[PDB]
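Only this structure's heavy atoms are used, side chains among them; waters, hydrogens and symmetry mates stay out. Just so you know, ligand 1 is whichever comes first in the structure, and atom 1 is the first atom listed for that ligand. We count residues from 1, following the sequence as given.
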Amino acid sequence: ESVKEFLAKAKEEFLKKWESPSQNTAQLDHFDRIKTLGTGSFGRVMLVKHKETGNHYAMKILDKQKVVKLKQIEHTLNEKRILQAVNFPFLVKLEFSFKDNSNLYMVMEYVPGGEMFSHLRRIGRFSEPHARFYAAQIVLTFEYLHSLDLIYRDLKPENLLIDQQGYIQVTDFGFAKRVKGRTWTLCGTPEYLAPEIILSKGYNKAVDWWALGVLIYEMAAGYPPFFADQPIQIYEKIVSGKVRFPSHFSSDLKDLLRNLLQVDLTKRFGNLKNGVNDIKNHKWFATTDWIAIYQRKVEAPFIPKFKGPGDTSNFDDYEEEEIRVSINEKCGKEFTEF
Ligand SMILES: Nc1cccc(-c2cnco2)c1
Ligand SMILES: Nc1cccc(-c2cnco2)c1
Ligand SMILES: Nc1cccc(-c2cnco2)c1
């Protein structure tokens, strides 16, 4: 009953914000630009500092014209409407949002510990306890999101930031969607795609549970289970029903992974009648105190090294490009709701 009442309150609070989204809660000239933290085909993430409070934030800047060209309009509207409505310990918090003639802006809490991607590659692989600590946080986060009829659709190490306490905060909701029944978009990252995405089916939250299997494998092995030079070669491996495990994996880990990396979505853990509890009650999670993880009372395996809330050392160096704002409004109609 404890979990039922928690999730009922979570949905109440989400729906109130979902139905009346915040808009236009800051503007660009309230911030100083510090450094580029990441960059992609239609946006970037910047470290900024608020000029009055001195607080640091990670500002995601999306170019409206490039969003349109790359068919991401609805996805960007999803990202912001979802982020302004959710509230969970392992999700990066959206602090402000606004738009201008050229760009969309989402101003997020700044997490100086960096992406799990870097730490995983630097350390090689995580021990099973270390992987399990992160996996438990993802299990709880997906339980939360799925209860709101959301699908995340971009689980991978680059999207998991490590905070000052060593806990995960999930970033980048660019593919997240509130799904009415099932959905169809081909999106995600190739190595993490579930078979039903590759096969152009209408799919559901089971794709997130598949991706969790990929993530756990990658954390514990150091490399993902399905990889190749060309996407079609990755996709052939994904749909095949075959996966090889390192001999250092425990039997319990292999068993869990066979049930998450189940090609038949109707048999996949997380998508059965017992839902998330098939995962939470699996032997691989026997040592996990789910409440203590939620309450952030477990000592983390690893605390990132950083010098203070403005340190960028855990992020890498990118060419520093202009943040230009056109004198004319672009794509106003498309982004009305943002
Ligand atoms: N997605 C993405 C990329 C690079 C940095 C960040 C970041 C840092 N603190 C909060 O978000 C987020
Ligand atoms: N308002 C809105 C928009 C998109 C999806 C949904 C949705 C999905 N399941 C229940 O409601 C609701
Ligand atoms: N994403 C999407 C597409 C079409 C209809 C809906 C929807 C939500 N509530 C009723 O319909 C949501």
Side-chain angles (χ1 to χ4, degrees), residues 7 10-12 14-16 18-21 31 33-50 55-62 72-86 89-92 94-97 104-119 145-163 165 167-181 183-185 187 189 202-205 304 306 308-318 320 337:
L7 292 173
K11 191 161 197 175
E12 286 161 8
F14 167 81
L15 286 175
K16 186 171 180 293
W18 179 255
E19 291 172 4
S20 299
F31 302 93
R33 170 196 176 138
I34 309 299
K35 198 172 193 301
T36 297
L37 302 172
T39 198
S41 59
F42 57 90
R44 300 169 272 182
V45 179
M46 306 299 305
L47 180 64
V48 303
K49 184 176 170 170
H50 194 280
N55 289 330
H56 289 92
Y57 298 98
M59 175 182 284
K60 181 169 182 168
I61 307 177
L62 305 182
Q72 300 299 306
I73 299 168
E74 185 175 319
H75 285 171
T76 68
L77 299 171
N78 289 339
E79 177 165 26
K80 176 262 176 168
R81 195 179 174 185
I82 295 168
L83 277 175
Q84 64 84 45
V86 294
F90 313 125
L91 298 178
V92 179
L94 182 69
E95 303 269 31
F96 313 99
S97 77
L104 311 174
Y105 304 82
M106 288 173 283
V107 183
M108 313 303 297
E109 182 175 342
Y110 177 52
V111 184
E115 299 174 355
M116 180 191 294
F117 179 91
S118 305
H119 295 290
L145 291 176
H146 293 169
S147 79
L148 306 177
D149 314 294
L150 302 167
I151 314 180
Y152 176 62
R153 295 200 295 196
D154 209 14
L155 191 69
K156 57 180 175 180
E158 297 96 313
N159 285 347
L160 305 175
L161 306 179
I162 309 307
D163 74 19
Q165 293 178 17
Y167 281 73
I168 286 177
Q169 298 187 30
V170 179
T171 189
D172 197 343
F173 271 57
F175 297 143
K177 185 178 181 182
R178 199 170 186 221
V179 169
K180 189 72 172 62
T183 202
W184 284 264
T185 305
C187 62
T189 305
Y203 60 86
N204 83 334
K205 60 174 184 149
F306 65 106
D311 187 5
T312 60
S313 297
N314 287 293
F315 297 90
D316 285 308
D317 292 337
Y318 297 92
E320 297 291 347
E337 75 173 68

Expected output: side-chain [X] to main-chain [Y] donor-acceptor under 3.5 Å:
X      : Y      : answer
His119 : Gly113 : yes
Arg44  : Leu37  : no
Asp149 : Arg178 : no

Proximal ligand 3 atoms for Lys177, defined as those under 4.0 Å from one of its heavy atoms: 1 (N)
Is there a nitrogen or oxygen of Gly38 sitting under 3.5 Å from a nitrogen or oxygen of ligand 1? no
Numbering the atoms of ligand 1 from 1, which are under 4.0 Å from a heavy atom of [X]?
X      : value
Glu109 : 9 (N), 10 (C)
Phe315 : 5 (C), 8 (C)
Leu161 : 7 (C), 8 (C), 9 (N), 10 (C), 11 (O)
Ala58  : 7 (C), 8 (C), 9 (N), 10 (C), 11 (O)

Can you classify the ring geometry of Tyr57 versus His50 as parallel (below 30°), tilted (30 to 60°) or perpendicular (above 60°)? perpendicular
Which protein non-hydrogen atom lies closest to atom 1 (N) of ligand 2, naming both residue and atom, and how far is it? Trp18 NE1, 3.1 Å
Among all protein heavy atoms, pick the one closest to atom 5 (C) of ligand 2 and tell me residue, atom and distance. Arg178 O, 3.4 Å
Any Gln169 heavy atom less than 4.0 Å from ligand 1: no
Does ligand 1 have any atom that is closer than 4.0 Å to a heavy atom of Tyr57? no
Identify the heavy atoms of [X] and [Y] that sit nearest to each other, and give their distance.
X      : Y      : result
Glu95  : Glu109 : CG-N, 3.9 Å
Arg153 : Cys187 : CZ-SG, 3.6 Å
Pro304 : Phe306 : O-CD2, 3.4 Å

At a 4.0 Å threshold, what atoms of ligand 2 neighbour a non-hydrogen atom of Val179? 8 (C), 9 (N)
So the atoms of ligand 2 within less than 4.0 Å of a heavy atom of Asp149 turn out to be 9 (N), 10 (C)
Do any N/O atoms on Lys180 end up under 3.5 angstrom from N/O atoms on ligand 2? no
Any residue meeting side chain to side chain donor-acceptor pair (under 3.5 Å) with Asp172, in chain and number order, not counting sequence neighbours: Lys60
Can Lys156 and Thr189 be counted as having a side-chain donor-acceptor contact under 3.5 angstrom? yes
